[PDB]
Every structure is written in C-alpha cells, then in structure tokens.
C-alpha cells in the first residue's frame, strides 16, 4: 500500500491520513510535520526550512527530496507508506519516481482531496492543534469537547504559526499554481484518484477507504 495524499492547504490531508494509519498501520510521512519537528529541535535542516515555512513558501526541492528519500528507506515502510504533502511540484514528483524505482515501491494511488480554495482560509484560521499528539481540531467543524484541550491526552491546543491570514494566503497562492501540473502528471500515469473533500470527515474517509481494498 504505497500512497500519496495531495490537496490544497487545509484540505484535510492530516485528518484523512490519521484515519488511514489507524486502519492499515503504514507510516504517515508528512514533510510539513518533518520540517516542524526539525524546527523544534533546532537542527540545521529546521533552521533552513523555517525561513520558507514561516512565509508560506515552498522549501527548496533538493533538500526536501533528500529527507524523503532517506525516510522512505526505513524498515517501517516495508509494507507500504503514506506520503502527505509530498510531492507538491512536478520536479519532486519526478524525483520520487526515481526514488521508488530504486526501492521497488511504486505508487498505488495518488489521492487528491479536492476542496474549493474559497473555504480553506476558514479551515486553517479555525484550526487548533494538540501540542502533545498533533491531531487537529476546528473551532467550528470539529471542536474539542473541552475548549483548548485535546480529547485524547488532555494536552493544550495551539494555532500553527503559519495559520494566519497573510501566510495562509501565500500558501494557497504557491500551492495552487503547482496543482494542475501535478494532477496532469499523475492522471497520465493512470493512478490519480479524486475525492470530494467538502463533506463530513467520515464521509470523505469512506470514499478514501473505498480505494484502499486489495493493496495487501
């Protein structure tokens, strides 16, 4: 089960991925999460990536591809993996092709979670994340039972630094111009799957799960 999750900022990659990992147990590989973890530990990678992430810009291809290549080679990817937020440029897609060719783990499906750009600002500014487990909530669409705290572990929730109007706008701008070329790239390969992401979380996952049967 080799999967790629793609979608505009806030479309629900992390939300849907959390459901996939629970049902199948494949590693959830999010480049965004990897960069932020690096930013927290203040590693050289983290500091370099921060400049781009804080502005809502894409981190350069070379360094991004490098960390994904190493990640996909780990033992936990033996039965499959879930890429989240990578690739997000045709160049990264072409690089991944070579990487998976080397590992002998070609992509089964590229799942595009389609959501109108006009509703994503609301999805992100209203997002609140658990500082302990990283699961996401939304003040309106999926609120925690007790405001400010995680339903699972009681951890304090926060708002990601880049989820402000200005940066969200840049993120949408930067990723929107990369969207059609990526869709065309995978449509040509014959394994692009489009899912309507503008429905309730479990309804979206129902369609996502419909694509996962028979992948080992």
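Residue numbers count along the first chain shown, from 1.
Mean CA B-factor, 53 to 61 versus 187 to 195: the higher value falls on 187 to 195.
When the C-alpha B-factors of 123 to 131 and 80 to 88 are averaged, 80 to 88 comes out higher.
For the set 166, 70, 33, 153, the maximum C-alpha B-factor listed in the entry falls on 70. Within the listed group 159, 175, 180, 43, the record reports its top CA B-factor for 43. Per the PDB record, residue ranking by Cα B-factor puts residue 204 in the middle third of the chain. Among the modelled residues of the chain, residue 145 sits in the middle third by CA temperature factor in this PDB entry.
Residue 110: CA B factor lies in the lowest third for its chain, per the PDB record.
Per the deposited record, the Cα B-factor of residue 211 falls in the highest third when ranked against the other modelled residues of its chain.
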